[PDB]
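Engineer: Provided herewith: target-v1.pdb, PDB, C-alpha atoms and all ligand atoms.
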```pdb
MODEL        1
ATOM      1  CA  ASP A  23    -112.389  71.886 -60.238  1.00  0.00           C
ATOM      2  CA  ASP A  24    -111.566  75.571 -59.865  1.00  0.00           C
ATOM      3  CA  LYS A  25    -108.698  74.598 -57.537  1.00  0.00           C
ATOM      4  CA  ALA A  26    -106.954  77.914 -58.210  1.00  0.00           C
ATOM      5  CA  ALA A  27    -109.203  79.477 -55.579  1.00  0.00           C
ATOM      6  CA  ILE A  28    -107.515  77.450 -52.855  1.00  0.00           C
ATOM      7  CA  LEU A  29    -104.161  78.452 -54.320  1.00  0.00           C
ATOM      8  CA  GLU A  30    -105.042  82.135 -54.153  1.00  0.00           C
ATOM      9  CA  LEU A  31    -106.574  81.688 -50.724  1.00  0.00           C
ATOM     10  CA  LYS A  32    -103.522  79.756 -49.579  1.00  0.00           C
ATOM     11  CA  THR A  33    -101.245  82.473 -50.921  1.00  0.00           C
ATOM     12  CA  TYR A  34    -102.966  85.056 -48.747  1.00  0.00           C
ATOM     13  CA  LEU A  35    -102.556  82.920 -45.645  1.00  0.00           C
ATOM     14  CA  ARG A  36     -98.836  82.514 -46.284  1.00  0.00           C
ATOM     15  CA  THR A  37     -98.093  86.190 -46.952  1.00  0.00           C
ATOM     16  CA  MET A  38    -100.304  87.995 -44.398  1.00  0.00           C
ATOM     17  CA  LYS A  39     -98.444  87.001 -41.231  1.00  0.00           C
ATOM     18  CA  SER A  40     -98.201  90.468 -39.613  1.00  0.00           C
ATOM     19  CA  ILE A  41    -100.890  92.980 -40.582  1.00  0.00           C
ATOM     20  CA  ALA A  42    -103.167  95.746 -39.326  1.00  0.00           C
ATOM     21  CA  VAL A  43    -106.614  96.053 -40.918  1.00  0.00           C
ATOM     22  CA  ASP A  44    -109.115  98.893 -40.768  1.00  0.00           C
ATOM     23  CA  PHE A  45    -112.439  97.045 -40.899  1.00  0.00           C
ATOM     24  CA  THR A  46    -116.194  97.557 -40.664  1.00  0.00           C
ATOM     25  CA  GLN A  47    -118.384  94.825 -39.148  1.00  0.00           C
ATOM     26  CA  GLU A  48    -122.125  94.404 -39.735  1.00  0.00           C
ATOM     27  CA  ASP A  49    -124.488  91.787 -38.346  1.00  0.00           C
ATOM     28  CA  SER A  50    -128.089  90.624 -38.585  1.00  0.00           C
ATOM     29  CA  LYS A  51    -128.772  91.980 -35.070  1.00  0.00           C
ATOM     30  CA  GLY A  52    -128.246  95.560 -36.281  1.00  0.00           C
ATOM     31  CA  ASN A  53    -124.738  96.262 -35.010  1.00  0.00           C
ATOM     32  CA  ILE A  54    -122.444  98.271 -37.265  1.00  0.00           C
ATOM     33  CA  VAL A  55    -118.969  98.884 -35.818  1.00  0.00           C
ATOM     34  CA  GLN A  56    -115.536  99.912 -37.067  1.00  0.00           C
ATOM     35  CA  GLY A  57    -112.228  98.767 -35.672  1.00  0.00           C
ATOM     36  CA  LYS A  58    -108.577  97.864 -36.067  1.00  0.00           C
ATOM     37  CA  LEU A  59    -107.592  94.200 -36.422  1.00  0.00           C
ATOM     38  CA  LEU A  60    -103.974  93.304 -35.668  1.00  0.00           C
ATOM     39  CA  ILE A  61    -102.704  89.869 -36.707  1.00  0.00           C
ATOM     40  CA  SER A  62     -99.252  88.581 -35.706  1.00  0.00           C
ATOM     41  CA  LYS A  63     -99.139  84.924 -36.691  1.00  0.00           C
ATOM     42  CA  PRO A  64     -98.561  82.223 -35.598  1.00  0.00           C
ATOM     43  CA  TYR A  65    -101.219  82.725 -32.857  1.00  0.00           C
ATOM     44  CA  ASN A  66    -101.474  86.377 -31.792  1.00  0.00           C
ATOM     45  CA  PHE A  67    -104.195  88.820 -32.749  1.00  0.00           C
ATOM     46  CA  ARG A  68    -106.000  91.846 -31.335  1.00  0.00           C
ATOM     47  CA  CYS A  69    -109.447  92.976 -32.473  1.00  0.00           C
ATOM     48  CA  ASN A  70    -109.762  96.575 -31.238  1.00  0.00           C
ATOM     49  CA  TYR A  71    -113.288  97.836 -31.827  1.00  0.00           C
ATOM     50  CA  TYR A  72    -113.505 101.597 -31.710  1.00  0.00           C
ATOM     51  CA  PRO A  73    -115.761 103.333 -29.182  1.00  0.00           C
ATOM     52  CA  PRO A  74    -118.648 103.228 -28.412  1.00  0.00           C
ATOM     53  CA  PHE A  75    -118.438  99.459 -29.124  1.00  0.00           C
ATOM     54  CA  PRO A  76    -117.173  98.226 -25.736  1.00  0.00           C
ATOM     55  CA  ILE A  77    -115.330  95.049 -26.681  1.00  0.00           C
ATOM     56  CA  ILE A  78    -111.676  94.085 -27.095  1.00  0.00           C
ATOM     57  CA  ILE A  79    -110.674  90.602 -28.254  1.00  0.00           C
ATOM     58  CA  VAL A  80    -107.130  89.371 -27.623  1.00  0.00           C
ATOM     59  CA  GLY A  81    -105.908  85.993 -28.839  1.00  0.00           C
ATOM     60  CA  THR A  82    -102.595  84.301 -28.066  1.00  0.00           C
ATOM     61  CA  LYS A  83    -101.233  80.776 -28.334  1.00  0.00           C
ATOM     62  CA  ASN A  84    -102.617  80.012 -24.863  1.00  0.00           C
ATOM     63  CA  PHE A  85    -105.985  81.778 -24.914  1.00  0.00           C
ATOM     64  CA  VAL A  86    -108.572  83.727 -26.895  1.00  0.00           C
ATOM     65  CA  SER A  87    -110.396  86.144 -24.587  1.00  0.00           C
ATOM     66  CA  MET A  88    -112.890  88.983 -24.851  1.00  0.00           C
ATOM     67  CA  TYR A  89    -113.270  91.956 -22.501  1.00  0.00           C
ATOM     68  CA  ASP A  90    -116.488  93.991 -22.335  1.00  0.00           C
ATOM     69  CA  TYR A  91    -115.909  97.434 -20.832  1.00  0.00           C
ATOM     70  CA  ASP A  92    -119.631  98.069 -20.338  1.00  0.00           C
ATOM     71  CA  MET A  93    -120.136  94.691 -18.679  1.00  0.00           C
ATOM     72  CA  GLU A  94    -116.757  94.939 -16.899  1.00  0.00           C
ATOM     73  CA  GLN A  95    -116.578  91.313 -17.950  1.00  0.00           C
ATOM     74  CA  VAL A  96    -113.894  88.880 -19.115  1.00  0.00           C
ATOM     75  CA  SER A  97    -114.965  85.954 -21.290  1.00  0.00           C
ATOM     76  CA  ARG A  98    -113.349  83.198 -23.339  1.00  0.00           C
ATOM     77  CA  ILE A  99    -114.182  82.595 -26.987  1.00  0.00           C
ATOM     78  CA  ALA A 100    -114.721  79.084 -28.312  1.00  0.00           C
ATOM     79  CA  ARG A 101    -113.250  78.382 -31.729  1.00  0.00           C
ATOM     80  CA  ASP A 102    -116.857  78.058 -32.919  1.00  0.00           C
ATOM     81  CA  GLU A 103    -117.527  81.615 -31.688  1.00  0.00           C
ATOM     82  CA  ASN A 104    -114.332  83.078 -33.189  1.00  0.00           C
ATOM     83  CA  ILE A 105    -115.118  85.010 -36.370  1.00  0.00           C
ATOM     84  CA  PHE A 106    -111.396  85.615 -36.995  1.00  0.00           C
ATOM     85  CA  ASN A 107    -110.413  81.951 -37.088  1.00  0.00           C
ATOM     86  CA  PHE A 108    -109.670  81.715 -40.826  1.00  0.00           C
ATOM     87  CA  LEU A 109    -107.337  84.720 -40.731  1.00  0.00           C
ATOM     88  CA  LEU A 110    -105.020  82.939 -38.267  1.00  0.00           C
ATOM     89  CA  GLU A 111    -105.025  79.670 -40.220  1.00  0.00           C
ATOM     90  CA  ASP A 112    -101.665  78.454 -41.464  1.00  0.00           C
ATOM     91  CA  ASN A 113    -101.780  77.523 -45.145  1.00  0.00           C
ATOM     92  CA  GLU A 114    -100.288  74.092 -44.405  1.00  0.00           C
ATOM     93  CA  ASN A 115    -103.234  73.400 -42.092  1.00  0.00           C
ATOM     94  CA  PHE A 116    -105.931  74.650 -44.477  1.00  0.00           C
ATOM     95  CA  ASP A 117    -106.633  71.268 -46.073  1.00  0.00           C
ATOM     96  CA  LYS A 118    -106.740  69.669 -42.626  1.00  0.00           C
ATOM     97  CA  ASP A 119    -109.186  72.240 -41.251  1.00  0.00           C
ATOM     98  CA  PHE A 120    -111.366  73.480 -44.121  1.00  0.00           C
ATOM     99  CA  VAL A 121    -113.244  72.065 -47.099  1.00  0.00           C
ATOM    100  CA  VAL A 122    -114.237  74.354 -49.961  1.00  0.00           C
ATOM    101  CA  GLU A 123    -117.982  74.145 -50.555  1.00  0.00           C
ATOM    102  CA  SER A 124    -118.086  76.253 -53.707  1.00  0.00           C
ATOM    103  CA  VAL A 125    -116.387  78.967 -55.757  1.00  0.00           C
ATOM    104  CA  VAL A 126    -117.960  81.793 -57.758  1.00  0.00           C
ATOM    105  CA  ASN A 127    -115.911  84.212 -59.876  1.00  0.00           C
ATOM    106  CA  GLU A 128    -117.122  87.608 -61.109  1.00  0.00           C
ATOM    107  CA  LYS A 129    -114.639  90.089 -62.633  1.00  0.00           C
ATOM    108  CA  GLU A 130    -111.879  90.916 -60.105  1.00  0.00           C
ATOM    109  CA  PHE A 131    -113.844  89.360 -57.216  1.00  0.00           C
ATOM    110  CA  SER A 132    -113.833  85.677 -56.239  1.00  0.00           C
ATOM    111  CA  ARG A 133    -116.256  84.334 -53.614  1.00  0.00           C
ATOM    112  CA  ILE A 134    -115.210  81.131 -51.836  1.00  0.00           C
ATOM    113  CA  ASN A 135    -117.639  79.186 -49.636  1.00  0.00           C
ATOM    114  CA  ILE A 136    -115.851  77.067 -47.006  1.00  0.00           C
ATOM    115  CA  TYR A 137    -116.802  75.065 -43.913  1.00  0.00           C
ATOM    116  CA  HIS A 138    -114.752  74.079 -40.872  1.00  0.00           C
ATOM    117  CA  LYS A 139    -114.505  70.296 -40.623  1.00  0.00           C
ATOM    118  CA  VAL A 140    -114.516  70.340 -36.807  1.00  0.00           C
ATOM    119  CA  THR A 141    -116.718  73.282 -35.832  1.00  0.00           C
ATOM    120  CA  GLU A 142    -118.893  72.949 -38.971  1.00  0.00           C
ATOM    121  CA  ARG A 143    -119.081  76.758 -39.181  1.00  0.00           C
ATOM    122  CA  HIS A 144    -119.761  77.984 -42.720  1.00  0.00           C
ATOM    123  CA  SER A 145    -117.941  81.058 -44.024  1.00  0.00           C
ATOM    124  CA  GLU A 146    -117.764  83.052 -47.258  1.00  0.00           C
ATOM    125  CA  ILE A 147    -114.577  84.809 -48.394  1.00  0.00           C
ATOM    126  CA  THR A 148    -114.316  87.557 -51.011  1.00  0.00           C
ATOM    127  CA  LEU A 149    -110.955  87.820 -52.794  1.00  0.00           C
ATOM    128  CA  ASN A 150    -109.837  90.868 -54.776  1.00  0.00           C
ATOM    129  CA  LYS A 151    -107.781  89.327 -57.588  1.00  0.00           C
ATOM    130  CA  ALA A 152    -106.230  92.595 -58.770  1.00  0.00           C
ATOM    131  CA  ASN A 153    -104.271  93.115 -55.529  1.00  0.00           C
ATOM    132  CA  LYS A 154    -104.837  89.617 -54.083  1.00  0.00           C
ATOM    133  CA  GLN A 155    -106.428  90.758 -50.832  1.00  0.00           C
ATOM    134  CA  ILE A 156    -109.451  89.644 -48.840  1.00  0.00           C
ATOM    135  CA  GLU A 157    -112.175  92.288 -49.143  1.00  0.00           C
ATOM    136  CA  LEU A 158    -115.181  90.641 -47.433  1.00  0.00           C
ATOM    137  CA  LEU A 159    -115.596  87.835 -44.883  1.00  0.00           C
ATOM    138  CA  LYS A 160    -118.984  86.371 -43.928  1.00  0.00           C
ATOM    139  CA  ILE A 161    -119.632  84.090 -40.938  1.00  0.00           C
ATOM    140  CA  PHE A 162    -122.905  82.142 -40.608  1.00  0.00           C
ATOM    141  CA  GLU A 163    -123.961  81.606 -36.968  1.00  0.00           C
ATOM    142  CA  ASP A 164    -127.330  79.825 -37.254  1.00  0.00           C
ATOM    143  CA  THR A 165    -129.714  82.775 -37.741  1.00  0.00           C
ATOM    144  CA  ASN A 166    -127.106  85.565 -37.632  1.00  0.00           C
ATOM    145  CA  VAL A 167    -124.654  86.578 -40.343  1.00  0.00           C
ATOM    146  CA  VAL A 168    -121.566  88.539 -39.294  1.00  0.00           C
ATOM    147  CA  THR A 169    -119.898  90.453 -42.130  1.00  0.00           C
ATOM    148  CA  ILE A 170    -116.366  91.817 -41.768  1.00  0.00           C
ATOM    149  CA  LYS A 171    -115.326  94.361 -44.409  1.00  0.00           C
ATOM    150  CA  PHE A 172    -111.571  94.874 -44.840  1.00  0.00           C
ATOM    151  CA  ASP A 173    -111.296  98.628 -45.411  1.00  0.00           C
ATOM    152  CA  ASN A 174    -107.486  98.885 -45.370  1.00  0.00           C
ATOM    153  CA  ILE A 175    -104.657  96.364 -44.986  1.00  0.00           C
ATOM    154  CA  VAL A 176    -101.123  97.387 -43.979  1.00  0.00           C
ATOM    155  CA  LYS A 177     -98.135  95.170 -43.204  1.00  0.00           C
ATOM    156  CA  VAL A 178     -96.617  95.608 -39.730  1.00  0.00           C
ATOM    157  CA  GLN A 179     -92.899  95.263 -39.077  1.00  0.00           C
ATOM    158  CA  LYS A 180     -93.037  95.170 -35.253  1.00  0.00           C
ATOM    159  CA  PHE A 181     -95.915  95.043 -32.747  1.00  0.00           C
ATOM    160  CA  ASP A 182     -95.970  96.219 -29.153  1.00  0.00           C
ATOM    161  CA  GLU A 183     -96.029  92.898 -27.301  1.00  0.00           C
ATOM    162  CA  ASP A 184     -98.627  94.099 -24.793  1.00  0.00           C
ATOM    163  CA  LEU A 185    -101.070  94.536 -27.691  1.00  0.00           C
ATOM    164  CA  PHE A 186    -101.526  90.745 -27.475  1.00  0.00           C
ATOM    165  CA  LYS A 187    -101.866  90.653 -23.672  1.00  0.00           C
ATOM    166  CA  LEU A 188    -105.122  90.782 -21.678  1.00  0.00           C
ATOM    167  CA  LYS A 189    -104.123  90.937 -18.008  1.00  0.00           C
ATOM    168  CA  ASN A 190    -106.587  89.896 -15.307  1.00  0.00           C
ATOM    169  CA  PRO A 191    -108.609  93.069 -14.609  1.00  0.00           C
ATOM    170  CA  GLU A 192    -109.331  91.801 -11.091  1.00  0.00           C
ATOM    171  CA  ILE A 193    -105.623  92.159 -10.247  1.00  0.00           C
ATOM    172  CA  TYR A 194    -103.958  94.375 -12.870  1.00  0.00           C
ATOM    173  CA  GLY A 195    -106.910  96.686 -13.560  1.00  0.00           C
ATOM    174  CA  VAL A 196    -108.939  97.606 -16.627  1.00  0.00           C
ATOM    175  CA  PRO A 197    -107.059  97.260 -19.937  1.00  0.00           C
ATOM    176  CA  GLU A 198    -106.106 100.410 -21.798  1.00  0.00           C
ATOM    177  CA  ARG A 199    -108.817 101.514 -24.232  1.00  0.00           C
ATOM    178  CA  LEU A 200    -107.324 102.413 -27.610  1.00  0.00           C
ATOM    179  CA  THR A 201    -108.782 104.653 -30.302  1.00  0.00           C
ATOM    180  CA  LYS A 202    -107.705 104.434 -33.957  1.00  0.00           C
ATOM    181  CA  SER A 203    -104.864 106.922 -33.417  1.00  0.00           C
ATOM    182  CA  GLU A 204    -103.900 105.406 -30.065  1.00  0.00           C
ATOM    183  CA  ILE A 205    -103.553 101.876 -31.429  1.00  0.00           C
ATOM    184  CA  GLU A 206    -101.666 103.120 -34.482  1.00  0.00           C
ATOM    185  CA  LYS A 207     -99.153 104.680 -32.090  1.00  0.00           C
ATOM    186  CA  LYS A 208     -98.161 101.227 -30.746  1.00  0.00           C
ATOM    187  CA  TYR A 209     -96.951  99.491 -33.919  1.00  0.00           C
ATOM    188  CA  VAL A 210     -94.611 100.323 -36.795  1.00  0.00           C
ATOM    189  CA  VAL A 211     -95.687 100.019 -40.424  1.00  0.00           C
ATOM    190  CA  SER A 212     -93.464  98.635 -43.175  1.00  0.00           C
TER     191      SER A 212
HETATM  192 CL    CL B 301    -113.757  78.881 -39.387  1.00  0.00          CL
HETATM  193 CL    CL B 302    -119.414  90.472 -32.034  1.00  0.00          CL
ENDMDL
END
```
Would you encode the structure as structure tokens?
Structural biologist:
Amino acid sequence: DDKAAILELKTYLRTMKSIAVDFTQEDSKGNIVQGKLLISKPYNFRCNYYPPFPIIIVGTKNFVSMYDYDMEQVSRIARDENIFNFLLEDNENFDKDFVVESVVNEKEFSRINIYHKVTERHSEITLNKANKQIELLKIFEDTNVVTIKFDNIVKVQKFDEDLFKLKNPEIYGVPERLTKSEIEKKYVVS
């Protein structure tokens, strides 16, 4: 078995603890959106879609929530409806949580098909072997495929803590809306 794929995949999970990613997201429903994804393992992440895509997703150890500016709505995201679940996975937990369905290797790219043992959600991961980075992530939700393209990955040395907070808008008001430049102003690169 091409077990090296898990090794490479595991390596990424161990070394990408604190990153910011410029990404493009495409779906079967026609949406195309760009955004900034901040990951601060063990549990914290912020998916900051750029305008006009009115959604911010903030995940912490206690909660994973979504805010829709257009709907003025706060929601909670089930692990089965979290497309960023693999990126938070600890390597030690990989074998407990995922099973590799298949591996395909072409030139510098390696495509790994995996499935979550609990949520049974299938996903496809593209690995760039030259720089050992994830380039494409595909999530299969019944009749919809969500594709996340990793346009740029940078390591972060310190995050503004409030980037991983989503305060009750009913009490503390609407969360700050951040553009690409605005969000880059609130964390320090390595
Ligand atoms: Cl998953
Ligand atoms: Cl979405």
Engineer: All residues within 7 Å of ligand CL 301 (chain B) are required, counting all atoms listed in the file; please report them as a ChimeraX atom specification.
Structural biologist: /A:105,107-108,137-138,143-145
Engineer: Restrict the selected residues to C-alpha atoms and save them as a CSV table (one decimal), in the frame of the given file.
Structural biologist:
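As a result, selection18.csv now contains:
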```
chain,number,residue,atom,x,y,z
A,105,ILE,CA,-115.1,85.0,-36.4
A,107,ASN,CA,-110.4,82.0,-37.1
A,108,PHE,CA,-109.7,81.7,-40.8
A,137,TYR,CA,-116.8,75.1,-43.9
A,138,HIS,CA,-114.8,74.1,-40.9
A,143,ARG,CA,-119.1,76.8,-39.2
A,144,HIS,CA,-119.8,78.0,-42.7
A,145,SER,CA,-117.9,81.1,-44.0
```
Engineer: Residue by residue, what does the PyMOL selection byres (((chain A and resi 187-193) around 10) and not hetatm) grab here? Present the result as an MDAnalysis selection string.
Structural biologist: chainID A and resid 66:68 78:82 85:89 94:96 182:186 194:198
Engineer: Calculate how many Å separate CA of residue 127 (chain A) from CA of residue 39 (chain A), rounding to one decimal.
Structural biologist: 25.7 Å
Engineer: Translate the PyMOL selection byres (((not hetatm)) within 10 of (chain B and resi 302)) into a concrete residue list for this structure, as a CSV table (one decimal) with C-alpha atoms, keeping the file's coordinate frame.
Structural biologist:
```csv
chain,number,residue,atom,x,y,z
A,47,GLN,CA,-118.4,94.8,-39.1
A,48,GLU,CA,-122.1,94.4,-39.7
A,49,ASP,CA,-124.5,91.8,-38.3
A,51,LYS,CA,-128.8,92.0,-35.1
A,53,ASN,CA,-124.7,96.3,-35.0
A,54,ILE,CA,-122.4,98.3,-37.3
A,55,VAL,CA,-119.0,98.9,-35.8
A,71,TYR,CA,-113.3,97.8,-31.8
A,75,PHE,CA,-118.4,99.5,-29.1
A,77,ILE,CA,-115.3,95.0,-26.7
A,78,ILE,CA,-111.7,94.1,-27.1
A,79,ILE,CA,-110.7,90.6,-28.3
A,88,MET,CA,-112.9,89.0,-24.9
A,103,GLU,CA,-117.5,81.6,-31.7
A,104,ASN,CA,-114.3,83.1,-33.2
A,105,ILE,CA,-115.1,85.0,-36.4
A,168,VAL,CA,-121.6,88.5,-39.3
```
Engineer: One decimal, in Å: what's the spacing between CA of residue 101 (chain A) and CA of residue 174 (chain A)?
Structural biologist: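 One can read the CA of residue 101 (chain A) to CA of residue 174 (chain A) distance as 25.3 Å.
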Engineer: Could you state which residues are captured by the PyMOL selection byres (((chain A and resi 132) around 8) and not hetatm) in this file, as a PyMOL selection string?
Structural biologist: chain A and resi 27+125-131+133-134+147-151
Engineer: Is it possible to get the residues within 6 Å of (-101.6, 94.8, -40.1) (coordinates as in the file, counting all atoms listed in the file) written as a count of residues only?
Structural biologist: 9
Engineer: Have a look at A:84, A:153, A:135, A:212 and name the one nearest to residue 181 (chain A); count only C-alpha atoms.
Structural biologist: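 Of A:84, A:153, A:135, A:212, the one nearest residue 181 (chain A) is A:212, counting only C-alpha atoms.
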Engineer: Just the number, please: distance in Å from CA of residue 37 (chain A) to CA of residue 123 (chain A), one decimal.
Structural biologist: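 The value is 23.5 Å.
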Engineer: Nearest to residue 64 (chain A): which of A:112, A:30, A:24, A:164 is it, counting only C-alpha atoms?
Structural biologist: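 The shortest atom-to-atom distance to residue 64 (chain A) comes from A:112.
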Engineer: Nearest residue to residue 173 (chain A) out of A:152, A:59, A:38, A:161, using all atoms listed in the file?
Structural biologist: A:59
